[PDB]
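Data from run-v6.txt: compact mmCIF, C-alpha atoms
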```
# COMPACT_ATOMS: atom_id res chain seq x y z
CA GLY A 1 71.52 95.65 109.34
CA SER A 2 68.44 94.23 107.68
CA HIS A 3 69.72 93.01 104.30
CA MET A 4 72.37 90.37 103.63
CA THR A 5 75.09 92.60 102.19
CA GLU A 6 77.30 94.13 104.87
CA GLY A 7 78.65 97.58 105.61
CA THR A 8 82.39 97.67 104.99
CA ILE A 9 83.28 99.97 107.88
CA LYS A 10 83.16 98.51 111.40
CA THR A 11 82.87 100.88 114.36
CA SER A 12 81.29 98.47 116.85
CA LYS A 13 83.61 97.61 119.74
CA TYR A 14 81.73 94.31 120.00
CA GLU A 15 81.89 93.32 116.34
CA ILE A 16 85.56 94.33 116.24
CA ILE A 17 86.64 91.89 118.97
CA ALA A 18 84.26 89.35 117.45
CA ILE A 19 86.03 89.84 114.12
CA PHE A 20 89.50 89.54 115.65
CA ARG A 21 88.60 86.51 117.79
CA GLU A 22 87.30 84.58 114.78
CA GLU A 23 90.27 85.44 112.56
CA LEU A 24 92.72 84.48 115.31
CA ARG A 25 91.16 81.03 115.51
CA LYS A 26 91.47 80.63 111.75
CA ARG A 27 95.17 81.50 111.79
CA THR A 28 94.24 84.31 109.41
CA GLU A 29 97.45 85.80 108.03
CA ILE A 30 98.06 89.31 109.29
CA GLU A 31 100.33 91.61 107.32
CA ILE A 32 102.34 94.25 109.17
CA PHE A 33 103.63 97.35 107.37
CA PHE A 34 106.40 99.76 108.34
CA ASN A 35 108.85 101.70 106.18
CA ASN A 36 109.54 99.55 103.13
CA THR A 37 109.26 96.40 105.25
CA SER A 38 106.30 94.03 105.48
CA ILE A 39 106.02 90.79 107.45
CA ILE A 40 103.44 88.01 107.46
CA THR A 41 102.42 86.40 110.75
CA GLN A 42 99.34 85.47 112.80
CA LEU A 43 97.37 86.93 115.70
CA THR A 44 98.84 85.33 118.82
CA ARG A 45 96.11 86.57 121.17
CA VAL A 46 93.07 88.80 121.61
CA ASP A 47 91.68 90.41 124.76
CA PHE A 48 88.99 93.07 125.16
CA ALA A 49 91.35 96.02 124.70
CA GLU A 50 94.32 94.83 122.64
CA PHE A 51 95.36 92.21 120.09
CA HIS A 52 98.74 90.47 119.99
CA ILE A 53 101.40 89.39 117.51
CA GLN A 54 104.90 88.01 118.01
CA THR A 55 108.04 88.54 115.93
CA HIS A 56 111.79 89.00 116.27
CA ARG A 57 111.63 92.08 114.03
CA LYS A 58 111.63 95.49 115.71
CA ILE A 59 108.47 97.48 114.96
CA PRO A 60 108.69 101.26 115.59
CA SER A 61 106.60 102.61 118.46
CA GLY A 62 104.83 105.91 119.09
CA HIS A 63 102.74 105.93 115.91
CA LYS A 64 99.97 103.74 114.50
CA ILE A 65 101.21 100.90 112.30
CA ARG A 66 99.31 100.00 109.11
CA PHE A 67 97.76 96.51 109.14
CA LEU A 68 96.08 94.16 106.70
CA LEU A 69 93.99 91.13 107.70
CA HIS A 70 93.60 88.56 104.93
CA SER A 71 90.25 87.05 105.93
CA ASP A 72 87.99 85.04 103.63
CA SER A 73 85.55 87.96 103.59
CA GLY A 74 88.30 90.26 102.30
CA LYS A 75 91.17 92.50 103.38
CA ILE A 76 90.49 94.13 106.74
CA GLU A 77 92.29 97.48 106.97
CA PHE A 78 93.10 99.26 110.21
CA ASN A 79 95.72 101.14 112.20
CA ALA A 80 96.76 100.30 115.74
CA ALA A 81 99.09 101.94 118.22
CA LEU A 82 101.87 99.91 119.79
CA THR A 83 100.99 99.82 123.48
CA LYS A 84 103.50 97.32 124.87
CA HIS A 85 106.36 95.00 123.92
CA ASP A 86 108.70 92.49 125.58
CA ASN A 87 110.29 89.05 125.18
CA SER A 88 107.74 86.35 124.34
CA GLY A 89 109.57 83.70 126.35
CA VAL A 90 110.41 82.16 122.99
CA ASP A 91 114.08 82.57 122.07
CA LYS A 92 114.33 85.95 120.40
CA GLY A 93 110.58 86.44 119.88
CA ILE A 94 109.22 89.87 120.73
CA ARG A 95 105.64 90.15 121.99
CA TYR A 96 103.70 93.08 120.55
CA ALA A 97 100.45 94.29 122.10
CA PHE A 98 98.45 96.69 119.93
CA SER A 99 95.33 98.50 121.07
CA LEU A 100 92.29 97.06 119.31
CA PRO A 101 91.28 99.16 116.29
CA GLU A 102 88.25 101.40 116.77
CA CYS A 103 87.37 101.18 113.08
CA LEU A 104 87.87 98.31 110.64
CA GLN A 105 87.46 98.74 106.89
CA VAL A 106 86.86 95.70 104.69
CA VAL A 107 88.13 96.00 101.12
CA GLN A 108 88.72 93.54 98.27
CA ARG A 109 91.86 94.87 96.59
CA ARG A 110 95.43 94.86 97.91
CA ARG A 111 96.48 98.34 99.03
CA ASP A 112 100.18 98.20 99.86
CA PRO A 113 101.24 101.50 101.50
CA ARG A 114 104.89 100.75 100.67
CA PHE A 115 104.20 101.49 97.00
CA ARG A 116 104.26 105.04 95.66
CA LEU A 117 102.71 106.58 92.57
CA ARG A 118 105.16 107.33 89.78
CA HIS A 119 103.73 110.54 88.38
CA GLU A 120 104.66 112.14 85.06
CA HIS A 121 104.97 115.71 86.34
CA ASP A 122 108.12 117.70 87.13
CA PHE A 123 108.06 117.76 90.93
CA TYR A 124 110.89 119.17 93.04
CA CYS A 125 111.81 119.50 96.70
CA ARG A 126 113.79 122.53 97.89
CA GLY A 127 115.00 123.65 101.30
CA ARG A 128 117.92 124.45 103.57
CA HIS A 129 120.05 122.02 105.55
CA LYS A 130 120.71 122.72 109.23
CA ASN A 131 124.05 124.31 108.30
CA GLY A 132 122.28 126.76 106.00
CA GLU A 133 123.29 124.92 102.84
CA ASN A 134 120.74 124.63 100.03
CA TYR A 135 119.42 121.37 98.59
CA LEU A 136 117.35 120.45 95.55
CA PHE A 137 115.77 117.06 94.96
CA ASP A 138 113.69 115.56 92.19
CA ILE A 139 110.50 113.97 93.49
CA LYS A 140 110.58 110.67 91.60
CA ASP A 141 107.50 109.02 93.10
CA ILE A 142 105.05 110.04 95.79
CA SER A 143 102.45 108.81 98.26
CA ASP A 144 100.21 110.13 101.03
CA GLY A 145 102.82 108.86 103.49
CA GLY A 146 106.09 109.70 101.79
CA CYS A 147 108.10 110.14 98.61
CA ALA A 148 111.32 109.27 96.82
CA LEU A 149 113.76 112.11 96.27
CA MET A 150 116.57 111.94 93.74
CA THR A 151 119.74 113.94 93.12
CA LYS A 152 123.20 113.26 91.71
CA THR A 153 124.95 115.45 94.29
CA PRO A 154 123.51 114.96 97.80
CA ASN A 155 125.01 116.15 101.09
CA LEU A 156 125.14 112.76 102.79
CA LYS A 157 126.12 114.34 106.12
CA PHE A 158 122.51 115.47 106.48
CA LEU A 159 121.11 112.30 104.92
CA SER A 160 121.75 109.60 107.52
CA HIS A 161 119.05 107.22 108.78
CA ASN A 162 116.07 108.94 110.44
CA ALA A 163 117.75 112.27 109.67
CA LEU A 164 115.38 115.23 109.62
CA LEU A 165 114.44 117.70 106.88
CA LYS A 166 112.15 120.25 108.49
CA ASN A 167 110.18 122.95 106.66
CA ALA A 168 111.19 121.41 103.35
CA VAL A 169 109.12 122.67 100.43
CA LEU A 170 107.33 120.27 98.11
CA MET A 171 107.40 122.11 94.79
CA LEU A 172 104.39 120.36 93.26
CA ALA A 173 104.06 122.36 90.04
CA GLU A 174 100.48 123.38 89.26
CA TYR A 175 99.22 121.95 92.55
CA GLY A 176 101.19 124.65 94.35
CA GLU A 177 103.63 124.12 97.21
CA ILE A 178 103.57 122.34 100.55
CA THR A 179 105.99 123.00 103.45
CA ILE A 180 106.64 119.83 105.39
CA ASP A 181 109.15 117.92 107.51
CA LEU A 182 110.78 114.82 106.02
CA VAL A 183 112.60 112.04 107.84
CA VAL A 184 115.08 110.05 105.76
CA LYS A 185 114.23 106.34 105.94
CA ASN A 186 116.92 104.90 103.65
CA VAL A 187 119.38 105.91 100.93
CA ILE A 188 120.63 103.93 97.93
CA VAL A 189 122.91 104.71 94.99
CA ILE A 190 121.61 103.63 91.59
CA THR A 191 124.38 103.28 89.00
CA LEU A 192 123.82 103.36 85.24
CA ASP A 193 126.36 101.82 82.85
CA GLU A 198 129.38 106.96 81.21
CA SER A 199 128.98 105.87 84.83
CA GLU A 200 126.13 108.06 86.06
CA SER A 201 125.09 107.59 89.68
CA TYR A 202 121.80 108.69 91.24
CA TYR A 203 121.08 108.84 94.97
CA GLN A 204 117.52 107.78 95.65
CA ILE A 205 116.40 109.08 99.03
CA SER A 206 113.30 107.62 100.64
CA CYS A 207 111.53 109.98 103.02
CA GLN A 208 108.61 109.60 105.40
CA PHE A 209 106.33 112.64 105.52
CA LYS A 210 106.24 114.34 108.92
CA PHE A 211 103.43 116.87 108.68
CA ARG A 212 103.49 120.25 110.40
CA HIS A 213 99.70 120.10 110.21
CA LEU A 214 97.13 117.49 109.18
CA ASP A 215 95.71 119.93 106.61
CA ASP A 216 98.76 119.23 104.47
CA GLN A 217 97.79 115.54 104.52
CA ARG A 218 94.26 116.10 103.24
CA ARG A 219 95.74 118.05 100.33
CA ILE A 220 98.47 115.57 99.40
CA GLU A 221 95.75 112.89 99.35
CA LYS A 222 93.62 114.89 96.91
CA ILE A 223 96.62 115.66 94.71
CA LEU A 224 97.36 111.93 94.72
CA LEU A 225 93.76 111.22 93.70
CA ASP A 226 94.03 113.69 90.82
CA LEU A 227 97.06 111.76 89.55
CA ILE A 228 95.74 108.21 89.89
CA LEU A 229 92.76 109.51 87.93
CA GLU A 230 95.07 111.37 85.55
CA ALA A 231 96.84 108.08 84.86
CA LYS A 232 93.60 106.62 83.51
CA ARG A 233 92.54 109.43 81.17
CA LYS A 234 95.93 109.29 79.44
CA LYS A 235 95.33 105.66 78.47
```
Render the structure in this file as structure tokens.
Amino acid sequence: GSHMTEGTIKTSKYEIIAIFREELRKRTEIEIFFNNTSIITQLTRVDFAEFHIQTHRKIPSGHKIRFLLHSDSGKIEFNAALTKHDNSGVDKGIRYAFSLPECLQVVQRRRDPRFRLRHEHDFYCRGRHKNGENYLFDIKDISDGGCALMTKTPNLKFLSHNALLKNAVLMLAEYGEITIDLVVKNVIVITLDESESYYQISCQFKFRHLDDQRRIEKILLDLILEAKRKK
């Protein structure tokens, strides 16, 4: 760098640790995202390879968790794989060691992955349950990580927690279709009152191929933009 203004994307292994070490010492709040849950805590340690955080909550392993560092300079976005966990020697506290991010991204606005765009299109999801039975869902809202499906007559047997919905077809109207695996994250029954009941089904996208992801991100962009031309 030669000017004052900084680049927002950090790929330097040395600046990264430097960034994490400073924020640790400032007790900079770190936000941890997973499913519809978010928790606020602090960095409990930083070595050359991994950063630490402690919490009683149980964070899912085997896939990079979304993070948000609330530093004075702005929100520092990054993903990090869970690389180790065990009791923190503090009552019920779990110790989480995440591999240091290899790319930070400093932004100014809050980007909460838990929130989904509520389109205005008629989107559907069709497919067959493992017992051959057919299912049809309305796609209420959507995001590059998941969606909310809705139906008044669901087959709950195939809709338990972390249940699977493989090769499901995202009927996305004009944008075409997209065959993908969905894993049920949680199910609730909304009741209007006539005592209509709707089963909202929250699903995490499990891609058969990353190409699907690049498309669902563009489609999303065309909607967020479409939400601004209408107003």
So that I can see what lies close to region 211-228 of chain A, please list as a VMD selection string the residues with an atom at most 6 Å from it, counting all atoms listed in the file and leaving out residues fewer than 4 positions away in the same chain. chain A and resid 144 180 to 181
Just need the box for region 213-218 of chain A, edges along x, y and z, holding every atom the file lists for it with 3 Å tacked onto each side, so centre and edge lengths in Å to one decimal, as JSON.
```
{"center_x": 97.0, "center_y": 117.8, "center_z": 106.7, "size_x": 11.4, "size_y": 10.6, "size_z": 13.0}
```
Selection: 9 Å around residue 7 (chain A), all atoms listed in the file, excl. self and same-chain fewer than 6 positions, as a PDB file with C-alpha atoms, keeping the file's coordinate frame:
```pdb
ATOM      1  CA  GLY A   1      71.520  95.650 109.340  1.00  0.00           C
ATOM      2  CA  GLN A 105      87.460  98.740 106.890  1.00  0.00           C
ATOM      3  CA  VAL A 106      86.860  95.700 104.690  1.00  0.00           C
TER       4      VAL A 106
END
```
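The residue set within 6 Å of region 40-56 of chain A, counting only C-alpha atoms and dropping same-chain residues fewer than 2 places from it, reads residues 24, 27, 29, 30, 31, 92, 93, 94, 95, 96, 97, 98, 99 and 100 of chain A.
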Those residues with C-alpha atoms, as a PDB file, keeping the file's coordinate frame please?
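Now in part22.pdb:
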```
ATOM      1  CA  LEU A  24      92.720  84.480 115.310  1.00  0.00           C
ATOM      2  CA  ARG A  27      95.170  81.500 111.790  1.00  0.00           C
ATOM      3  CA  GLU A  29      97.450  85.800 108.030  1.00  0.00           C
ATOM      4  CA  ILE A  30      98.060  89.310 109.290  1.00  0.00           C
ATOM      5  CA  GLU A  31     100.330  91.610 107.320  1.00  0.00           C
ATOM      6  CA  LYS A  92     114.330  85.950 120.400  1.00  0.00           C
ATOM      7  CA  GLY A  93     110.580  86.440 119.880  1.00  0.00           C
ATOM      8  CA  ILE A  94     109.220  89.870 120.730  1.00  0.00           C
ATOM      9  CA  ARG A  95     105.640  90.150 121.990  1.00  0.00           C
ATOM     10  CA  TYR A  96     103.700  93.080 120.550  1.00  0.00           C
ATOM     11  CA  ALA A  97     100.450  94.290 122.100  1.00  0.00           C
ATOM     12  CA  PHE A  98      98.450  96.690 119.930  1.00  0.00           C
ATOM     13  CA  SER A  99      95.330  98.500 121.070  1.00  0.00           C
ATOM     14  CA  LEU A 100      92.290  97.060 119.310  1.00  0.00           C
TER      15      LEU A 100
END
```
Go ahead and compute the interatomic distance for CA of residue 146 (chain A) and CA of residue 210 (chain A), in Å to one decimal.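 It comes out at 8.5 Å.
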Quick one, how far is CA of residue 9 (chain A) from CA of residue 22 (chain A)? 17.3 Å
Protein, DNA and RNA residues within 10 Å of (125.0, 115.8, 105.9), only C-alpha atoms, as a ChimeraX atom specification: /A:129-131,133,154-160,163
Provide the CA of residue 83 (chain A) to CA of residue 101 (chain A) distance in Å, to one decimal place.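 Between CA of residue 83 (chain A) and CA of residue 101 (chain A) the gap is 12.1 Å.
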What lies within 10 Å of residue 173 (chain A) using all atoms listed in the file, ignoring chain neighbours under 6 positions off, as a compact mmCIF listing (two decimals) with C-alpha atoms, keeping the file's coordinate frame?
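That gives us selection.txt:
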```txt
# COMPACT_ATOMS: atom_id res chain seq x y z
CA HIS A 121 104.97 115.71 86.34
CA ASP A 122 108.12 117.70 87.13
CA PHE A 123 108.06 117.76 90.93
CA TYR A 124 110.89 119.17 93.04
```
Could you tell me which of A:132, A:120, A:162, A:148 comes closest to residue 234 (chain A) if we count all atoms listed in the file?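 Of the candidates, the smallest distance to residue 234 (chain A) is held by A:120.
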Counting all atoms listed in the file, the option among A:77, A:141, A:6, A:174 closest to residue 33 (chain A):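 Nearest to residue 33 (chain A): A:77.
With all atoms listed in the file as the basis for measurement, A:104 is the residue among A:104, A:63, A:80, A:182 that approaches residue 12 (chain A) most closely.
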Selected residue of minimal separation from residue 229 (chain A) among A:65, A:149, A:103, A:117, counting all atoms listed in the file: A:117
Among listed residues A:184, A:168, A:125, A:19, nearest residue 73 (chain A) (using all atoms listed in the file):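 Of A:184, A:168, A:125, A:19, the one nearest residue 73 (chain A) is A:19, counting all atoms listed in the file.
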May I have the protein, DNA and RNA residues with any atom at most 12 Å from the point (88.9, 91.0, 98.2), counting all atoms listed in the file, written as a compact mmCIF listing (two decimals) with C-alpha atoms, in the frame of the given file?
```txt
# COMPACT_ATOMS: atom_id res chain seq x y z
CA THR A 8 82.39 97.67 104.99
CA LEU A 68 96.08 94.16 106.70
CA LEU A 69 93.99 91.13 107.70
CA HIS A 70 93.60 88.56 104.93
CA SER A 71 90.25 87.05 105.93
CA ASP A 72 87.99 85.04 103.63
CA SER A 73 85.55 87.96 103.59
CA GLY A 74 88.30 90.26 102.30
CA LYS A 75 91.17 92.50 103.38
CA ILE A 76 90.49 94.13 106.74
CA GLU A 77 92.29 97.48 106.97
CA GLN A 105 87.46 98.74 106.89
CA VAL A 106 86.86 95.70 104.69
CA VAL A 107 88.13 96.00 101.12
CA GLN A 108 88.72 93.54 98.27
CA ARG A 109 91.86 94.87 96.59
CA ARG A 110 95.43 94.86 97.91
CA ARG A 111 96.48 98.34 99.03
```
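Across A:164, A:17, A:82, A:150, the tightest approach to residue 203 (chain A) is made by A:150 when counting all atoms listed in the file.
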Incomplete region 4-19 of chain A filled out to N, CA, C and O atoms as a PDB file, in the frame of the given file:
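What follows is the written file out-v7.pdb:
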```pdb
ATOM      1  N   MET A   4      71.256  91.299 103.515  1.00  0.00           N
ATOM      2  CA  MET A   4      72.370  90.370 103.630  1.00  0.00           C
ATOM      3  C   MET A   4      73.698  91.109 103.521  1.00  0.00           C
ATOM      4  O   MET A   4      74.535  91.019 104.418  1.00  0.00           O
ATOM      5  N   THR A   5      73.873  91.834 102.420  1.00  0.00           N
ATOM      6  CA  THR A   5      75.090  92.600 102.190  1.00  0.00           C
ATOM      7  C   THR A   5      75.488  93.424 103.411  1.00  0.00           C
ATOM      8  O   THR A   5      74.639  93.981 104.104  1.00  0.00           O
ATOM      9  N   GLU A   6      76.791  93.490 103.669  1.00  0.00           N
ATOM     10  CA  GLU A   6      77.300  94.130 104.870  1.00  0.00           C
ATOM     11  C   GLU A   6      77.909  95.501 104.613  1.00  0.00           C
ATOM     12  O   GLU A   6      78.386  95.785 103.513  1.00  0.00           O
ATOM     13  N   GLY A   7      77.893  96.345 105.640  1.00  0.00           N
ATOM     14  CA  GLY A   7      78.650  97.580 105.610  1.00  0.00           C
ATOM     15  C   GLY A   7      80.119  97.225 105.715  1.00  0.00           C
ATOM     16  O   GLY A   7      80.481  96.263 106.393  1.00  0.00           O
ATOM     17  N   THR A   8      80.968  97.992 105.044  1.00  0.00           N
ATOM     18  CA  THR A   8      82.390  97.670 104.990  1.00  0.00           C
ATOM     19  C   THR A   8      83.176  98.277 106.141  1.00  0.00           C
ATOM     20  O   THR A   8      84.280  97.834 106.449  1.00  0.00           O
ATOM     21  N   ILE A   9      82.603  99.288 106.783  1.00  0.00           N
ATOM     22  CA  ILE A   9      83.280  99.970 107.880  1.00  0.00           C
ATOM     23  C   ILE A   9      82.708  99.521 109.226  1.00  0.00           C
ATOM     24  O   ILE A   9      81.502  99.598 109.454  1.00  0.00           O
ATOM     25  N   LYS A  10      83.583  99.054 110.111  1.00  0.00           N
ATOM     26  CA  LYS A  10      83.160  98.510 111.400  1.00  0.00           C
ATOM     27  C   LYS A  10      83.582  99.374 112.578  1.00  0.00           C
ATOM     28  O   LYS A  10      84.765  99.469 112.896  1.00  0.00           O
ATOM     29  N   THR A  11      82.604  99.991 113.235  1.00  0.00           N
ATOM     30  CA  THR A  11      82.870 100.880 114.360  1.00  0.00           C
ATOM     31  C   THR A  11      82.399 100.300 115.690  1.00  0.00           C
ATOM     32  O   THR A  11      82.537 100.937 116.735  1.00  0.00           O
ATOM     33  N   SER A  12      81.844  99.092 115.651  1.00  0.00           N
ATOM     34  CA  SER A  12      81.290  98.470 116.850  1.00  0.00           C
ATOM     35  C   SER A  12      82.353  97.733 117.659  1.00  0.00           C
ATOM     36  O   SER A  12      82.912  96.738 117.196  1.00  0.00           O
ATOM     37  N   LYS A  13      82.621  98.221 118.868  1.00  0.00           N
ATOM     38  CA  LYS A  13      83.610  97.610 119.740  1.00  0.00           C
ATOM     39  C   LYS A  13      83.356  96.117 119.931  1.00  0.00           C
ATOM     40  O   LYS A  13      84.279  95.348 120.189  1.00  0.00           O
ATOM     41  N   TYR A  14      82.098  95.708 119.796  1.00  0.00           N
ATOM     42  CA  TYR A  14      81.730  94.310 120.000  1.00  0.00           C
ATOM     43  C   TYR A  14      81.936  93.457 118.751  1.00  0.00           C
ATOM     44  O   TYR A  14      82.351  92.300 118.840  1.00  0.00           O
ATOM     45  N   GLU A  15      81.641  94.024 117.588  1.00  0.00           N
ATOM     46  CA  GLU A  15      81.890  93.320 116.340  1.00  0.00           C
ATOM     47  C   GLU A  15      83.393  93.222 116.094  1.00  0.00           C
ATOM     48  O   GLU A  15      83.888  92.196 115.631  1.00  0.00           O
ATOM     49  N   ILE A  16      84.112  94.294 116.416  1.00  0.00           N
ATOM     50  CA  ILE A  16      85.560  94.330 116.240  1.00  0.00           C
ATOM     51  C   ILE A  16      86.245  93.145 116.920  1.00  0.00           C
ATOM     52  O   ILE A  16      86.924  92.355 116.258  1.00  0.00           O
ATOM     53  N   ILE A  17      86.068  93.020 118.233  1.00  0.00           N
ATOM     54  CA  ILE A  17      86.640  91.890 118.970  1.00  0.00           C
ATOM     55  C   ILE A  17      86.143  90.589 118.360  1.00  0.00           C
ATOM     56  O   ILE A  17      86.917  89.653 118.166  1.00  0.00           O
ATOM     57  N   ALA A  18      84.849  90.533 118.064  1.00  0.00           N
ATOM     58  CA  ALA A  18      84.260  89.350 117.450  1.00  0.00           C
ATOM     59  C   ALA A  18      84.977  89.002 116.153  1.00  0.00           C
ATOM     60  O   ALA A  18      85.222  87.831 115.859  1.00  0.00           O
ATOM     61  N   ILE A  19      85.315  90.028 115.380  1.00  0.00           N
ATOM     62  CA  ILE A  19      86.030  89.840 114.120  1.00  0.00           C
ATOM     63  C   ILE A  19      87.441  89.314 114.372  1.00  0.00           C
ATOM     64  O   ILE A  19      87.883  88.365 113.721  1.00  0.00           O
TER      65      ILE A  19
END
```
